[PDB]
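Here the structure is laid out as structure tokens; the discussion comes afterwards.
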Amino acid sequence: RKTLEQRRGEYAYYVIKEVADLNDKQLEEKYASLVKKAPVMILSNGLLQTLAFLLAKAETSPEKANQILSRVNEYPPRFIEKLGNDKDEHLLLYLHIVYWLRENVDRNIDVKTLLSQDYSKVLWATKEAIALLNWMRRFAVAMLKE
């Protein structure tokens, strides 16, 4: 696990395992369904709109999301425990995607920065997101249910 691909797989494995380990059937079914659509959502609508949509659906701001991410300091990263009693599957996915992008593409990436960044950085961030979500989708089919 040293190449980008291997690290994408390992990370996808752990975030999906966390959902499985929560033992919350509702959060698991909704999340599994959403992550399976994510890659197609980005391909057809783009990254910015998909991430904006996740925050909109979660009634959350990129500021609040970054505050949560700032607390994710260990590996494997623990996201679910960072949320409140209400585990929003849209915010969760948002966190999964942005954390990975900030870690492997640009630490400043988020819905608002993506409005100004050059075309090459957006393309890059978009291709990474797709590669990430493909793995996450594969693992959800392998580990989650609906």
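When we count neighbours, we look across all protein chains shown, and the Cβ atoms used for this are built from the backbone with ideal geometry, even at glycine. Readers should treat all values here as calculations from the given coordinates under stated rules, not as data from a laboratory.
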Open item on the list: Out of the residues in segment 59-93 meeting the condition of being in a loop (DSSP other than H, G, I, E, B) and among the polar types (S, T, N, Q), tell me which one is surrounded by the fewest Cβ atoms within 10 Å (Cβ to Cβ).
Closed with: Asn85
Task: Whichever residue in segment 25-58 is of a type in the set (S, T, N, Q) and touching a residue at least 12 places away in the same chain (Cβ under 8 Å) and, among such residues, is surrounded by the fewest Cβ atoms within 10 Å (Cβ to Cβ) - done: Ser33
Task: Close pairs (7 angstrom Cβ cut-off, 6 or more residues apart or separate chains): without any contact (Cβ under 8 Å) to a residue 24 or more places away in the chain in segment 62-79, surrounded by 11 or more Cβ atoms within 10 Å (Cβ to Cβ) anywhere - done: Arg71/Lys82
Open item on the list: Of everything in segment 93-146, what is within 17 Å of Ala38 (Cβ to Cβ) and small (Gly, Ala, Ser)? Give them in sequence order.
Closed with: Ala125, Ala129, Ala131, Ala140, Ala142
Open item on the list: When the residues of segment 83-138 are narrowed to those that are among the hydroxyl-bearing types (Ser, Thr, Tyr) and closer than 21 Å to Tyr31 by Cβ, which ends up nearest to the chain's Cα centre (by Cα)?
Closed with: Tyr94
